[PDB]
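Heads up, the chain below is alone and in the form deposited in one PDB entry; it's given as structure tokens.
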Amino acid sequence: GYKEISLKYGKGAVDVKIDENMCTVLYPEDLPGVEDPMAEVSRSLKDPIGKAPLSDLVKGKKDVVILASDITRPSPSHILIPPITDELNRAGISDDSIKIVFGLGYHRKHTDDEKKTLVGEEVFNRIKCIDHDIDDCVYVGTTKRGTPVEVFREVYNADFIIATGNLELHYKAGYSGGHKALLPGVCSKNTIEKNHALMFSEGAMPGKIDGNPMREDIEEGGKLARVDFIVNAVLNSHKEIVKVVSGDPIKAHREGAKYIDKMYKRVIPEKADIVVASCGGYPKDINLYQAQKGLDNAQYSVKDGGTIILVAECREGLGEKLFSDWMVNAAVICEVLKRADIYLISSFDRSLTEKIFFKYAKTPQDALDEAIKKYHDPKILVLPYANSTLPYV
């Protein structure tokens, strides 16, 4: 036994020493970003998953709409959109038959400069770039979960809809991308409101599609809006494009989700009694609110009655105002995970750490030594990069 594992903590690192036969250490396999992203887009458009290529699908269309967004940054639009329009032009579709719609959801409209940023100045000059108008939607049906689907008129009017965006793990929708570009981004306040209520279901969790009510509602509303085709950028932890998937809004998305899974999903035979999770260093552990991203990932791998040891400096404090005010009087995950014990190894003192219901230890080793005593031959799981590593049972 007695393996030494170093865990990132703030701007440095700290060691923990574990019986090697008691523990297992899971690491992400962060792929490097492609050397030529636009060429990668072109590759995947010749290689569409679950659909014939754009060449065969858009013949004779006159109102192609491309969905882009920067609700989530960094947007891939300026890389994905030009190679798409190249394919449309190749198939005989002129720039007057092409339209780009930005999915605002609840957010404010874009300035001209911000639109040029999102699509590139050359696309902006050739092709109309239109902000979602949340007050100009058209009802197209209700999902089986009761979400009325009211789509922006520009999108409703289209004879062909190409959804673009990122594809990564999402803490509620399981994964981003696919039909998510349409629902709720270019839908009405009603669609956005009711769909968002599914966030609080028990199956709204990262890495889960089937049985995820939020993901299922999204893909359903997306299907009532008849999204035709997706182009999605698979990102790594540095938000670099490692892969592009194109084609059927369902099948292409599943392919993208397997690439994410190859990088970040670490399947686990059962839940551990002790989980040691580092956020991976400053500034991912800059404050407790941000450290939650590590804890939200570790929460699925600890047993009922288990112990999480969260290694996160939080030099800048509790973080976001509404989250912090809740902890001392958005925080949802911490509240859920309190069927286990949580040690916080941080720059906080014991009094503050305990005031927010964490257990306190000076170092991770001290926390693990006291936790190990509370269990009979505990299984120990160590997540050195918990902000991107998803243990999955």
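Position 1 is the first residue in the sequence shown; the rest follow in order. Only residues modelled in both forms are compared. Rigid core: the largest C-alpha set superposing within 1.5 Å between the two forms.
**Student:** Which class fits the unmodelled deposited stretch between residue 329 and residue 330: none, 1 to 3, 4 to 9, or 10 or more?
**Tutor:** Gap size class: 10 or more residues without coordinates, per the record.
**Student:** Mean CA B-factor: is it higher for 330-338 or for 32-40?
**Tutor:** Comparing 330-338 with 32-40, the higher mean C-alpha B-factor belongs to 330-338.
**Student:** Of 155-163 and 207-215, which one has the bigger average CA B-factor?
**Tutor:** Per the PDB entry, the higher value belongs to 207-215.
**Student:** Between 239, 251, 108, 145, which one tops the list for Cα B-factor in this entry?
**Tutor:** That would be 108.
**Student:** Whose CA atom has the top B-factor in the entry, of 319, 305, 256, 178?
**Tutor:** In the PDB entry, the greatest C-alpha B-factor among 319, 305, 256, 178 is found at 305.
**Student:** When the modelled residues of the chain are sorted by Cα temperature factor, does residue 343 land in the lowest, middle or highest third?
**Tutor:** Its C-alpha B-factor, which the entry lists for residue 343, ranks in the lowest third among residues of this chain.
**Student:** Based on the deposited C-alpha B factors for this chain, I'd like to know if residue 55 is in the lowest, middle or highest third.
**Tutor:** For residue 55, the deposited C-alpha B-factor lands in the lowest third.
**Student:** Relative to the other modelled residues in the chain, which third contains the C-alpha temperature factor of residue 386: lowest, middle or highest?
**Tutor:** Lowest third, going by the recorded CA B-factors of the chain.
**Student:** Pull the Cα B-factor of residue 124 out of the PDB entry and bin it into the chain's lowest, middle or highest third.
**Tutor:** Highest third.
**Student:** Is the Cα B-factor recorded for residue 199 in the lowest, middle or highest third of its chain?
**Tutor:** Highest third, going by the recorded CA B-factors of the chain.
Missing here is the form deposited in another entry; even so, the following discussion is about that form.
**Student:** Align on the core first; then indicate which of 73, 238, 144, 108 has a CA shift of 2 angstroms or more between the shown form and the other one.
**Tutor:** So the only displaced C-alpha belongs to 73.
**Student:** By the 2 angstroms cut-off, has the C-alpha of residue 338 moved between the shown form and the other one once the rigid core is superposed?
**Tutor:** Shift of 2 Å or more: yes.
**Student:** Quick one: with a 3 Å or larger change, is the residue 18 to residue 336 CA distance smaller or larger in the other form? Answer closer or farther.
**Tutor:** It is closer: the C-alpha separation of residue 18 and residue 336 falls by at least 3 Å in the other form.
**Student:** Just say closer or farther for the C-alpha distance from residue 72 to residue 107 in the other form, relative to the shown form; it changes by 3 Å or more.
**Tutor:** Compared with the form shown here, the C-alpha atoms of residue 72 and residue 107 sit closer together in the other form, by 3 Å or more.
**Student:** Which stretches of at least three consecutive residues shift by 2 Å or more at every Cα between the shown form and the other one, once the core is superposed?
**Tutor:** When the rigid core is held fixed, residues 70-74, 330-338 are the runs that shift.
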